[PDB]
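Written below as structure tokens is the structure these notes are about.
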Amino acid sequence: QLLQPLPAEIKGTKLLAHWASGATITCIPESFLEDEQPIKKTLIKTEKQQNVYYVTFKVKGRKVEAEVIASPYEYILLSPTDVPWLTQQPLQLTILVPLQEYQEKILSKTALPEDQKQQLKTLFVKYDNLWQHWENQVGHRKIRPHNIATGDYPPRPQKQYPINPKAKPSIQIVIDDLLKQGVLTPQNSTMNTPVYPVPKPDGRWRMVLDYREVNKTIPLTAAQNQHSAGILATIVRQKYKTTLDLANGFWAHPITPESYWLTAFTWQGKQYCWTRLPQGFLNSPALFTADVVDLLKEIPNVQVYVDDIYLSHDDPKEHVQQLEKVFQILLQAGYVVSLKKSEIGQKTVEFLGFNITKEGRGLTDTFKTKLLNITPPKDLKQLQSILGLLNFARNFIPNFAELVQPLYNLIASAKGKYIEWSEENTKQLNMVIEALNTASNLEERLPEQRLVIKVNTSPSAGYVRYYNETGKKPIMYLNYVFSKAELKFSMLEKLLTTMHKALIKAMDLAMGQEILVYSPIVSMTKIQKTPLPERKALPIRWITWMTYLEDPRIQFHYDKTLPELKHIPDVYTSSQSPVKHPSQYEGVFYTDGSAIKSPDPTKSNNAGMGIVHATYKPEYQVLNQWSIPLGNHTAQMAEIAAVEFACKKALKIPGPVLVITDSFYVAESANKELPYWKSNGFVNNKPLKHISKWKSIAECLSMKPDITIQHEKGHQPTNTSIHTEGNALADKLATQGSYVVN
Ligand SMILES: [Ca+2]
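Per the entry's author numbering: the sequence shown = residues 7 to 52, 56 to 694, 697 to 753.
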């Protein structure tokens with residue numbers, strides 16, 4: 007548990023002892039007390058009677074004589090009396106995690122009222138032993154050790170190839186910590202497993218075991234929890250939502266001493282074995298999750314997939330009451346929670362087993378059906394991709410040949426491998442999409458025909474088409490938004506996470522009908538054999554992906570007519586179409602800019618912008634004011650540079666903010682022109700200072716998209732809205748700076 011294990015040898019074989027606090031005598035693993043003769047026989051309430062012995066053993070090299078009983082466990086429960094010299098000391102591993110930055114981060118983003126928010130800040134301390142304090146820290150689970158030695162024909166040992174030495178230092182720490190905790194034991198074995206290193210965003214590296222050779226031997230003989238699909242159907246979305254990431258829980262379940270040889274691996278010419286369940290093993294996710302489910306059975310609403318846990322209660326007070334009940338269970342069992350990726354008491358959770366963020370109160374996940382806009386292609390190869398993409402809608406769209414005709418005429422126009430794109434063509438393309446958004450082309454779902462799903466993906470997002478098996482029109486298209494982590498995935502994994510998000514909505518439309526999925530992938534079996542270093546997603550992703558093949562209701566077919574969508578341009582995402590109230594934003598930024606006639610005839614101009622930071626959470630208040638002269642520039646430039654300053658100051662505040670411009674051109678450009686100027690490369694603006704200002708705004712929004720931009724004329728507004736009052740102050744500051752000369 008929280009006490010550091012102590013190295014000890016009893017009968018030649020090394021073992022570990024744990025300082026106990028109970029007054030009961032020392033327990034010893036059962037396999038050593040068979041040969042020994044019993045002194046007497048006593049019964050224990052917490056009544057079964059067991060034999061009593063008196064054996065000698067070494068603790069840290071010093072022999073110890075004590076009256077002992079048996080223990081079904083693999084550790085030596087050490088009575089404090091028998092060892093008066095040795096004192097209890099807490100566990101001390103290598104690296105201490107930044108636990109205070111984690112808790113302050115969770116307290117910041119919590120959507121709970123300040124009343125319950127202080128209860129949580131108190132719950133950090135009462136259950137301090139529950140959170141993960143050390144890196145690679147694991148907990149002990151007082152459970153009957155698992156037997157994973159199923160199957161009479163053992164697998165063949167794999168030779169260990171040299172690995173990257175740049176990863177050895179960061180991994181040897183983990184080897185030391187697990188050895189220190191007894192998670193790893195030095196022991197030769199018949200089986201050997203390859204080990205692979207993969208980098209971590211912080212610069213260090215984590216090791217990966219290749220257990221697919223042992224999994225082909227071990228048969229599937231365990232009760233599987235509801236899979237990704239079955240869990241997501243029974244969920245209950247209430248007011249607040251909370252997710253708790255465990256610290257590799259399979260490292261908490263110990264395996265039987267007989268099964269240690271199976272999990273063996275070679276590190277630095279030395280062979281080690283696993284005391285606990287290892288990650289990448291066949292039955293580790295199932296054996297671990299089942300235990301977790303029983304504990305969470307008592308809670309009214311819960312869902313557990315792998316490490317992640319889900320809790321959603323509508324009552325603010327009851328969410329915290331159940332949350333404390335969750336913590337006691339996890340602390341009493343010996344589980345360890347990582348506050349690095351945990352999310353507590355938020356209106357939406359970023360990840361709940363599935364990659365989709367969960368908002369609202371809906372038992373079934375909802376997502377936008379309609380396809381999204383596409384940025385103009387920069388090259389011919391990116392324009393040929395989108396044409397062969399729309400080729401499917403020829404057989405059921407009347408105006409198709411008429412609305413696509415202009416784009417065909419544009420390709421042969423230049424004939425110089427460079428293509429010129431007109432702004433109206435961008436609007437024409439937007440019309441092509443709106444035709445698909447119209448429910449005419451949308452066929453109706455038929456409960457008789459099976460559900461056909463055609464899946465392809467672009468570097469920016471995926472494209473999913475739900476069909477009827479005979480129908481020429483699709484029931485409904487589906488376009489999934491890639492998260493910042495999924496964009497890092499390889500192209501093959503972008504398809505798989507796309508299919509994952511597509512089979513979710515298919516369950517709603519299945520209605521007891523088998524589902525056939527067509528995909529550019531030729532063989533599903535070959536995909537499981539895809540090499541490991543090419544997978545750039547978490548194993549939780551692949552397990553979640555592979556668990557869907559086993560369903561006989563779903564079948565996957567290779568489709569040749571699916572085109573290549575690697576050169577598909579970026580999907581146009583609009584953060585301005587949703588409008589949010591100014592009170593819910595954490596920060597409000599009013600901007601403005603003026604430019605009177607310069608006194609000097611040479612400059613001929615003078616500018617001055619104004620910035621106001623306002624917060625509406627408690628009442629209408631202003632944090633700071635700013636009034637800056639900009640020299641000879643455009644009045645709109647003063648209104649252009651006014652938001653570049655405001656965009657930066659929002660980065661220091663992690664939360665929803667809103668910037669407001671008196672200018673029409675600024676807000677409209679940030680909504681439609683900015684997604685263009687990014688891909689446009691700022692071509693044919697405007698000399699160089701003008702372009703640098705727009706890029707800086709684009710990059711600032713790239714680092715934090717939580718920034719929304721509105722626009723309000725505010726011409727002689729007596730008291731139109733409570734919002735225009737703050738903008739009247741910003742225009743005052745912009746005017747003051749415009750009147751000041753250097
Ligand atoms: Ca202005």
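Backbone N, C-alpha and C fix where the C-beta goes; we use that ideal spot for every residue, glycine too.
Close beta carbons around residue i, own chain, < 6 Å, minus the five adjacent residues each side
{"i": "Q280", "result": "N197, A273"}
{"i": "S467", "result": "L574, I577"}
{"i": "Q522", "result": "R459, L460"}
{"i": "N145", "result": "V183, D186"}
{"i": "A176", "result": "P206, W214"}
Cross-strand partners of residue i (DSSP beta bridge)
{"i": "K545", "result": "In DSSP, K545 forms no bridge with anything."}
{"i": "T32", "result": "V77"}
{"i": "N488", "result": "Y472"}
{"i": "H262", "result": "According to DSSP, which records beta bridges pairwise, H262 is partnered with nothing at all."}
{"i": "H155", "result": "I264"}
{"i": "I718", "result": "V666"}
{"i": "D317", "result": "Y314"}
{"i": "residue 696", "result": "Absent from the coordinates is residue 696, which sits in the stretch where the chain moves from 694 straight to 697."}
{"i": "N60", "result": "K47"}
{"i": "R246", "result": "Per DSSP, none; premise fails for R246."}
{"i": "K72", "result": "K67"}
{"i": "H726", "result": "In DSSP, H726 forms no bridge with anything."}
{"i": "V526", "result": "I462, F565"}
{"i": "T194", "result": "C282"}
{"i": "residue 695", "result": "Missing here is residue 695: after 694, the next number in the chain is 697."}
{"i": "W143", "result": "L105"}
Local conformation of residue i per DSSP, three classes
{"i": "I395", "result": "helix"}
{"i": "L291", "result": "coil"}
{"i": "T251", "result": "strand"}
{"i": "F274", "result": "strand"}
{"i": "residue 695", "result": "Coordinates for residue 695 are lacking, as the chain steps from 694 to 697 with nothing built in between."}
{"i": "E42", "result": "coil"}
{"i": "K424", "result": "coil"}
{"i": "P483", "result": "strand"}
{"i": "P206", "result": "strand"}
{"i": "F691", "result": "coil"}
{"i": "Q630", "result": "strand"}
{"i": "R213", "result": "coil"}
{"i": "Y417", "result": "helix"}
{"i": "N439", "result": "helix"}
{"i": "residue 4", "result": "The displayed coordinates of the chain run from 7 to 753. Any statement about residue 4 would go beyond what the structure contains."}
{"i": "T466", "result": "strand"}
{"i": "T624", "result": "strand"}
{"i": "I172", "result": "coil"}
{"i": "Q101", "result": "coil"}
{"i": "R221", "result": "helix"}
{"i": "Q280", "result": "strand"}
{"i": "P11", "result": "coil"}
{"i": "residue 1", "result": "Outside the modelled stretch of the chain, which goes from 7 to 753, sits residue 1, for which no answer is possible."}
{"i": "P638", "result": "strand"}
{"i": "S672", "result": "coil"}
Cβ distance (whole Å) where residue i is taken to contact residue j below 8 Å
{"i": "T252", "j": "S347", "result": "Actually they do not touch by this definition, with Cβ atoms about 11 Å apart."}
{"i": "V464", "j": "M508", "result": "5 Å"}
{"i": "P263", "j": "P154", "result": "5 Å"}
{"i": "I462", "j": "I524", "result": "7 Å"}
{"i": "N60", "j": "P44", "result": "4 Å"}
{"i": "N292", "j": "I157", "result": "6 Å"}
{"i": "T735", "j": "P728", "result": "5 Å"}
{"i": "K482", "j": "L438", "result": "Their Cβ separation, rounded to whole angstroms, is 21 Å, which puts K482 and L438 out of contact at 8 Å."}
{"i": "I78", "j": "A14", "result": "Actually they are not in contact, since the Cβ atoms of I78 and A14 sit about 17 Å apart, beyond 8 Å."}
{"i": "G596", "j": "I552", "result": "Actually they do not touch by this definition, with Cβ atoms about 40 Å apart."}
{"i": "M516", "j": "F565", "result": "So it is not a contact: roughly 16 Å between Cβ atoms."}
{"i": "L218", "j": "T199", "result": "That pair is no contact at about 17 Å."}
Cut-off 7 Å between Cβ atoms - residues of its own chain near residue i, not counting five sequence neighbours on either side
{"i": "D91", "result": "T32, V73, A75"}
{"i": "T30", "result": "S88"}
{"i": "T230", "result": "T159"}
{"i": "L100", "result": "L8, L9, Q10"}
{"i": "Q98", "result": "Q10"}
Own chain, CB closer than 8 Å to residue i, minus 5 neighbours either side, in chain order
{"i": "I708", "result": "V652, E653, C656, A679, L683"}
{"i": "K390", "result": "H576"}
(message) For a minimum of 3 consecutive residues, which ranges assigned as the beta strand (DSSP E) are wholly contained in the region 561–608?
(response) 563–567, 596–603
(request) Return the chain-ordered ranges of every alpha helix (DSSP H) run that is complete within the region 347–409 and spans a minimum of 4 residues. (result) 389–398
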